[PDB]
Protein chains: 14
Amino acid sequence: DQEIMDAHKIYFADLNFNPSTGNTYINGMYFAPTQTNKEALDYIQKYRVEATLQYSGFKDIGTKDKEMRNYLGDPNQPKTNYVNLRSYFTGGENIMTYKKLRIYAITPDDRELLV
Amino acid sequence: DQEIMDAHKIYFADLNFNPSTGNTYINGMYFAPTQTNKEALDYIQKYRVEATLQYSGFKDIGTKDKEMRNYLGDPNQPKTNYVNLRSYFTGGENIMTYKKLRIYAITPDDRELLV
Amino acid sequence: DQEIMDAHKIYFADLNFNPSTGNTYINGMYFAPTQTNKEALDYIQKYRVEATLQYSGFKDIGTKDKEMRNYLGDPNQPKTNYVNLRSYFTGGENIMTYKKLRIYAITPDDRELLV
Amino acid sequence: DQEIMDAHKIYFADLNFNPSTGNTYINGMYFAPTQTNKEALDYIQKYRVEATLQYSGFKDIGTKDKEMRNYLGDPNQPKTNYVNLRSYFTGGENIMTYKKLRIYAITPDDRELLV
Amino acid sequence: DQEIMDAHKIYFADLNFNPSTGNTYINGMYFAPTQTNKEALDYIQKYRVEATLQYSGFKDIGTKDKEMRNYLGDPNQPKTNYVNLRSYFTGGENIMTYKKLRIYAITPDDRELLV
Amino acid sequence: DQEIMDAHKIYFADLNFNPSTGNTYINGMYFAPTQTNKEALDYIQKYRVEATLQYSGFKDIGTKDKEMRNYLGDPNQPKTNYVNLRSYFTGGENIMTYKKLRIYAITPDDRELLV
Amino acid sequence: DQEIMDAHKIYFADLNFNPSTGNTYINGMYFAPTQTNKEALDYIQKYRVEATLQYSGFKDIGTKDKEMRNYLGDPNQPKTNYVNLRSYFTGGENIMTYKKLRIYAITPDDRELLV
Amino acid sequence: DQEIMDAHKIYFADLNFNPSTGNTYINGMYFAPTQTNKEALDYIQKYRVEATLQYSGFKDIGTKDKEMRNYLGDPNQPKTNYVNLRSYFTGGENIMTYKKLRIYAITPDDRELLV
Amino acid sequence: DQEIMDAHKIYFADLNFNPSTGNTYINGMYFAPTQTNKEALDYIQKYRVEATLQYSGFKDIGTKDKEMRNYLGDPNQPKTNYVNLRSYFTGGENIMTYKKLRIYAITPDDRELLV
Amino acid sequence: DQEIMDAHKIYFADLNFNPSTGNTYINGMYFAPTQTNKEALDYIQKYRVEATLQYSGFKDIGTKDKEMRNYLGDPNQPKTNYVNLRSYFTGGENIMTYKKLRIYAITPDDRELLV
Amino acid sequence: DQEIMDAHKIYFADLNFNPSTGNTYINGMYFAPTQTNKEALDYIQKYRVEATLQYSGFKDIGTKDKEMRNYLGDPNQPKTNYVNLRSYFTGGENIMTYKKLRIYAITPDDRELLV
Amino acid sequence: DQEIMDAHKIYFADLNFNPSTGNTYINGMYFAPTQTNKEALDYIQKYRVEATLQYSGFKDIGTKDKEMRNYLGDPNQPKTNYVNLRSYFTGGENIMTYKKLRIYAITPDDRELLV
Amino acid sequence: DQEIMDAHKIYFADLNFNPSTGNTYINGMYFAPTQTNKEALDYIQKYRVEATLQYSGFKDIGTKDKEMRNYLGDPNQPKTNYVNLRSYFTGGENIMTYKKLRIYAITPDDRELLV
Amino acid sequence: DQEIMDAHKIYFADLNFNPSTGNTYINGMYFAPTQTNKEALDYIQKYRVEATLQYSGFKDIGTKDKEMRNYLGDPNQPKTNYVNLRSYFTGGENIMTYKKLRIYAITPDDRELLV
């Protein structure tokens with residue numbers, strides 16, 4: 001059901017501010033808030049990132065799975081998807097310049113979100 | 001038992017005040033307080049709102065179900081119905097200008113309350 | 001055993017004081033303290049009030065049941081009857097001007113206490 | 001300026017509730033809240049009560065003076081008069097049945113308030 | 001310097017929310033925030049309200065004076081004017097339906113703000 | 001001593017993070033940290049901003065003065081200059097897109113910093 | 001075993017002091033502390049008081065049973081008898097002027113203690 | 001002015017309760033509450049007791065002076081006299097059986113109060 | 001095994017100090033600390049005291065049993081015997097003048113310790 | 001005035017209890033409580049002890065002076081004398097076996113108290 | 001699978017700072033953070049150190065086993081290996097000068113990390 | 001395996017400092033820390049001390065058993081032996097002058113440690 | 001007095017440990033602890049550093065003055081010199097690799113300490 | 001007055017215990033407690049130590065002065081002398097093996113105490 005699986009462009013990233021610097025880091029993505037007609041988040045299973053770290057930026061980080069907790073940290077909401085940007089093969093932090101998001105169902109590799 | 005199912009005009013909405021603004025938002029409706037002769041709240045099951053958000057106001061929000069907790073937050077009261085204005089497909093807040101309330105039993109779509 | 005069921009004239013009401021007004025509201029009646037010869041409180045079951053609210057005073061409020069907790073809030077006392085003036089079909093508060101108390105055993109409607 | 005000195009009928013009494021009884025006692029009178037045209041509270045000086053105590057009710061209690069603190073215990077209000085019902089020749093408490101209020105300027109004895 | 005003394009239309013009122021009701025009351029007006037070219041708030045001295053109370057709404061309340069504290073309760077701001085809606089000849093509360101605002105310099109009576 | 005008064009390009013802005021949004025606001029500029037050869041911050045006196053607010057972005061905000069507190073909130077540092085982005089003719093917040101900084105000595109209007 | 005059942009004259013009453021009065025009230029009787037030769041407290045079962053209340057003093061109060069807790073509120077003591085002066089058909093308090101103590105075994109009515 | 005100096009029969013003693021005994025001890029006498037016509041407490045100066053201690057009861061204790069603090073420990077009361085039963089030549093405590101009260105003005109020795 | 005059952009002369013008493021007196025009372029006896037060769041504390045079972053109370057000193061108090069808790073209140077010690085001077089037929093306290101200690105095995109009455 | 005200076009036999013010592021021993025030590029003597037006829041404590045000035053320490057008991061300790069604080073640690077008492085058993089040429093503690101008390105006025109050496 | 005078992009050069013040691021000295025001690029090694037292609041940490045089992053202590057530095061310390069807790073003390077990370085530098089036959093502390101790390105699989109003794 | 005059972009000379013004693021004295025007491029011995037080649041602590045079972053107490057120093061104290069808790073109070077250490085110097089037939093404390101340590105396996109009495 | 005002003009080689013640096021890194025930073029130098037014969041710290045006045053920062057390491061930092069507080073943070077010590085490594089023209093932190101220390105009396109530039 | 005200035009052999013040292021070692025360090029000497037006949041501590045002024053440190057033990061430490069605080073840390077004692085073992089030219093700690101104590105009056109160098 002390919003095309004509507006590409007059609008969930010609305011998204012939100014979770015932030016973390018560091019004082020005594022001037023920048024904000026990403027530590028998670030509250031992904032695909034539940035609209036009226038969207039239940040294709042059952043077929044899609046696995047996620048893969050290619051981000052920009054603080055040291056040696058563009059690199060493959062690895063493939064992990066979704067963790068459906070909530071939307072916007074609110075208890076009375078549906079369960080939406082959430083890409084966790086911590087359980088990944090990294091040591092540094094992640095910044096907000098550019099990023100690529102390769103997504104794995106059974107055998108596609110669709111690029112679903114580009115900043 | 002249609003007509004008395006339309007005859008429960010008494011209602012109350014639950015509020016939330018924001019300081020450093022001047023307005024009050026709605027976050028729930030303590031609906032149909034129990035009068036002497038009203039037990040038609042068993043047949044009615046599902047609810048649907050069409051409200052005015054802070055951004056792109058009039059839109060269909062979706063259909064959800066009742067949560068009979070209490071009336072006016074008081075422990076020694078009967079159980080009345082309560083439309084929860086949080087478990088709905090929204091991201092913003094809701095305001096107090098105008099609203100429409102489409103109600104679903106088995107196959108009617110009766111408009112039960114208009115502000 | 002009708003007449004002694006009418007003969008329990010001693011009673012006490014439970015109060016609630018509001019500051020920044022000048023009046024006191026009723027929120028319960030510790031009813032029929034246990035005297036030496038009174039065990040007719042087993043046959044009587046249900047109670048009904050016709051009180052004076054803060055808005056639209058004299059009206060039928062409804063029929064409810066007894067809740068034998070204690071007398072005067074004291075732990076080492078017998079269990080006496082208690083009319084709860086909260087689990088009743090009302091929204092406002094109750095005041096101390098005038099009141100009527102219609103009491104239901106199997107099929108009498110005896111008026112047991114008049115202020 | 002006699003007649004307007006009689007014309008300040010609006011008043012308020014300060015209460016004290018005792019639990020494990022059913023009554024409320026008077027312990028002060030926030031007297032003559034400041035209206036638009038009333039500055040005759042400068043000429044009047046002394047006050048005298050004839051109240052109903054808990055024991056041997058109607059008796060002369062004595063003559064004392066005013067204590068202009070506030071109105072309704074609120075800091076941002078004008079200063080109004082206040083009859084203190086504690087600095088008086090009594091030992092018991094005062095109740096809310098009936099009372100007489102004899103007021104002393106230079107040589108009148110005007111009865112200013114009757115309950 | 002009459003006309004610019006009429007030209008300060010930007011304003012803000014200070015609110016107070018009561019739970020277990022559904023309304024919000026006014027208890028002050030943070031008046032005339034300091035724009036780039038406005039120093040006519042020195043000539044104007046006294047204020048007078050004609051509001052709508054909870055009981056017997058439209059009435060003259062009286063004339064009082066300004067209290068320059070701050071703007072929006074913030075310490076690092078200029079001093080702006082503030083109409084205090086408490087030091088006025090009233091006993092009840094004030095609501096948000098309609099209001100009239102008669103303002104007194106030396107001898108004008110300009111109506112400066114109408115809701 | 002014009003040119004070195006233009007030559008203090010190193011700067012730092014003070015931030016404020018809002019949760020339940022995704023952005024960071026500016027609320028001050030710790031300006032011109034003290035290098036080895038820079039004592040031209042005595043001649044310069046007044047500052048003027050032209051920023052982008054949350055509503056009606058590009059506008060003249062006004063002219064104010066410096067407040068030499070510290071650098072980076074640290075007690076054992078020299079006193080450097082600080083543009084306060086709060087004591088200015090605004091009501092909303094300020095964001096980080098674009099900004100202009102017009103600076104006033106006796107009679108120049110030098111643009112000292114552009115983002 | 002009648003006579004030694006009368007021979008336990010040593011006793012102690014439990015007190016309660018009220019400030020802002022001058023008197024002390026009785027609220028229990030730690031009865032018959034265990035001497036060397038006294039085990040007749042097994043045959044005796046029920047107790048009855050005729051005391052002096054604060055209002056309408058001498059009256060029959062009723063028959064109740066013993067509650068063997070301790071002696072003098074001390075944990076390392078034997079269990080002695082205790083007449084509870086609270087679980088009795090009264091509303092007021094009890095005072096220390098005069099009292100009568102009618103005691104019920106199977107069919108005697110022995111007066112065991114007189115003050 | 002001898003006779004009215006004898007005519008102040010109203011009095012009150014201050015108590016102290018000891019638990020794990022059954023008695024109450026006297027530790028002060030709030031003496032001569034202020035009635036309407038009594039200002040003979042200026043001429044009288046010194047006091048002397050002959051009480052009953054816990055050991056070797058009836059003995060002369062000594063002569064001391066008055067300490068006008070208040071009446072009944074209440075701040076808004078007049079100043080009345082107070083015999084302090086602690087600053088006296090004793091080591092034990094005082095009990096409530098019998099007492100004699102020898103009072104010294106310039107040269108009388110009037111017995112003013114007998115229990 | 002009589003004689004070594006008499007040969008445990010080492011002992012210790014447990015004290016209790018009262019301030020505002022000058023004396024110390026006995027409230028227990030940590031009896032027979034465990035030496036190298038002493039296991040005759042198994043055959044001996046019951047104890048009896050004849051002490052000096054505060055009132056009517058020398059009297060038989062009664063027979064009770066041992067409570068092997070510890071020695072000197074220390075957790076890492078063996079279990080030694082302990083005569084409890086509280087679970088005995090008394091009402092007052094015990095003092096340190098003179099005492100007699102009659103000890104009961106099956107049928108001896110050996111006096112084991114004399115002060 | 002020699003003989004009455006010898007006639008103040010009533011005295012009291014201040015104690016200190018040590019747990020994990022069995023004894024009580026002396027750390028002060030509240031000396032000569034004020035009786036009715038005793039004001040010879042003005043002429044006497046200096047004190048000298050010959051006590052029994054924990055090590056090398058009977059020895060001259062030295063001469064010191066009185067410290068009139070109170071009697072029995074009570075604030076509402078007269079000032080009586082107090083021999084301080086700490087400001088003396090010792091290192092150990094003092095016990096309660098035997099003691100001698102040599103007292104120095106101008107030139108007598110009267111032994112005033114012997115235990 | 002020998003060579004890639006040698007190819008995990010990335011590592012991290014856990015530190016402990018002592019104030020009132022100038023040095024930092026090692027108390028653990030968070031070993032082999034999980035990269036993309038490394039699952040040879042299953043075959044390797046046992047570890048052995050030859051470190052430099054504070055006293056008699058170079059010595060064999062002994063052979064122990066791995067404790068897979070986390071990486072960098074972070075809960076949302078994979079499980080990596082951890083050499084515990086406490087459960088080893090030592091008494092002193094370990095310093096940061098030089099160290100040797102002999103590692104035991106079934107029968108190799110590969111030196112895996114040298115500082 | 002006698003000789004290596006004698007060869008564990010490394011040891012450590014556990015201390016306890018008393019203020020207001022100048023000495024330190026022994027209250028345990030963390031015995032035989034685990035070296036590389038020592039597992040003879042399984043055959044040895046029982047211990048016996050001959051120490052110097054505060055009173056009547058050199059005496060046989062008795063035979064007790066080992067309590068393998070830890071080494072140096074540290075949780076991540078092996079279990080080593082520990083002679084408890086409290087569960088022994090003593091009443092006083094132990095000091096650090098001289099000591100003898102007689103150790104019991106099945107039938108030897110080897111002296112293992114001498115200070 | 002040049003040469004002994006060079007002869008104070010003993011020194012100490014003050015540290016600061018950062019967790020979640022592996023290094024320690026310098027934030028001060030407790031300089032020249034007071035030996036027996038050293039009072040040349042009066043003539044020397046000013047100090048200058050050339051350190052290695054975290055970014056663009058070797059650079060002139062500037063000239064500042066001494067702050068004689070203490071030695072090793074201890075209150076009962078003499079006053080020694082202290083180079084403050086914070087009041088210097090820097091923004092980053094300082095590390096422990098290499099450093100140069102140029103010292104200014106009236107007109108020498110002696111290098112006093114090299115790591 | 002030389003010889004009695006040598007005759008004050010009684011002394012006491014102040015200790016400091018370190019856990020996780022086995023030793024106690026000296027950090028002060030409460031010197032010459034005040035006996036009956038000793039007031040030669042006025043002529044003596046200065047002190048000098050030659051102790052054994054933790055590193056390079058026997059060395060001259062320097063000359064300092066007395067600090068008369070108290071004896072044994074007790075407030076109600078005379079003022080005795082106190083050698084402070086902290087304000088001395090050292091960096092390490094001091095131990096309890098051997099020590100020499102050279103004392104300076106005007107021109108003697110008497111060795112007053114040897115351990």
# chains A, B, ... in the order shown; residues from 1 in each chain; ligands from 1
$ closest_atom_pairs --of "chain D" --to "chain H" --cutoff "8 Å" --atoms "only C-alpha atoms" --output "CSV"
residue,atom,partner,partner_atom,distance
D:62,CA,H:36,CA,7.0
D:86,CA,H:76,CA,6.6
D:87,CA,H:77,CA,5.3
D:88,CA,H:77,CA,7.6
D:89,CA,H:35,CA,6.1
$ residues_around --residues "residue E:11" --least-positions-apart "2" --cutoff "8 Å" --atoms "only C-alpha atoms" --output "VMD selection string"
chain E and resid 8 to 9 13 29 to 33
$ select_by_dssp --residues "chain K" --states "strand (DSSP E)" --output "number ranges by chain"
K: 11-17, 24-31, 46-52, 58-65, 81-83, 100-104, 109-114
$ write_last_selection --atoms "C-alpha atoms" --output "CSV table (one decimal), in the first residue's frame"
chain,number,residue,atom,x,y,z
K,11,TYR,CA,37.8,1.6,24.4
K,12,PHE,CA,37.2,3.7,27.4
K,13,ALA,CA,38.3,3.7,31.0
K,14,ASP,CA,36.3,4.7,34.1
K,15,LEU,CA,37.9,7.2,36.4
K,16,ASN,CA,37.8,8.3,40.0
K,17,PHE,CA,39.2,11.7,41.2
K,24,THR,CA,43.1,10.3,39.0
K,25,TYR,CA,42.7,6.6,39.5
K,26,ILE,CA,41.2,3.9,37.3
K,27,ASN,CA,38.4,1.8,38.7
K,28,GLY,CA,37.0,0.1,35.6
K,29,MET,CA,37.1,-0.1,31.8
K,30,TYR,CA,34.0,0.2,29.7
K,31,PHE,CA,35.4,-2.1,27.0
K,46,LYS,CA,38.1,-14.3,30.7
K,47,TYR,CA,40.4,-11.4,31.5
K,48,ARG,CA,43.7,-10.9,33.3
K,49,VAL,CA,45.5,-7.7,34.2
K,50,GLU,CA,49.1,-6.7,35.0
K,51,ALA,CA,48.9,-3.2,36.2
K,52,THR,CA,50.9,-0.7,38.3
K,58,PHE,CA,54.1,-4.5,38.2
K,59,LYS,CA,52.6,-7.8,39.3
K,60,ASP,CA,50.2,-10.4,38.2
K,61,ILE,CA,46.8,-9.6,39.7
K,62,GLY,CA,44.7,-12.6,38.6
K,63,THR,CA,42.0,-13.8,36.2
K,64,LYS,CA,38.4,-12.8,36.4
K,65,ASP,CA,35.3,-12.6,34.1
K,81,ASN,CA,31.8,-5.6,28.0
K,82,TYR,CA,33.3,-4.1,31.2
K,83,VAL,CA,36.5,-5.1,32.9
K,100,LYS,CA,49.2,-4.7,30.4
K,101,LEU,CA,46.1,-6.6,29.5
K,102,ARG,CA,46.3,-10.4,29.0
K,103,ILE,CA,43.1,-11.9,27.6
K,104,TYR,CA,42.0,-15.5,27.8
K,109,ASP,CA,46.7,-15.4,25.7
K,110,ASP,CA,46.3,-12.4,23.4
K,111,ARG,CA,47.5,-9.0,24.5
K,112,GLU,CA,44.6,-6.9,23.5
K,113,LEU,CA,45.3,-3.4,24.8
K,114,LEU,CA,48.5,-1.6,25.8
$ select_by_dssp --residues "chain L" --states "helix (DSSP H, G or I)" --output "tab-separated table (two decimals) with N, CA, C and O atoms, in the first residue's frame"
chain	number	residue	atom	x	y	z
L	2	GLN	N	49.59	-28.68	56.04
L	2	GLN	CA	49.84	-27.87	57.24
L	2	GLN	C	50.55	-26.55	56.98
L	2	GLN	O	50.14	-25.53	57.53
L	3	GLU	N	51.60	-26.55	56.16
L	3	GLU	CA	52.53	-25.43	56.15
L	3	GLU	C	51.95	-24.21	55.48
L	3	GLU	O	52.15	-23.08	55.94
L	4	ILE	N	51.21	-24.41	54.38
L	4	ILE	CA	50.59	-23.28	53.71
L	4	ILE	C	49.41	-22.77	54.52
L	4	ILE	O	49.07	-21.59	54.45
L	5	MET	N	48.80	-23.63	55.34
L	5	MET	CA	47.84	-23.17	56.32
L	5	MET	C	48.48	-22.30	57.39
L	5	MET	O	47.77	-21.53	58.03
L	6	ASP	N	49.78	-22.38	57.59
L	6	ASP	CA	50.47	-21.42	58.41
L	6	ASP	C	50.92	-20.19	57.63
L	6	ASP	O	51.26	-19.18	58.24
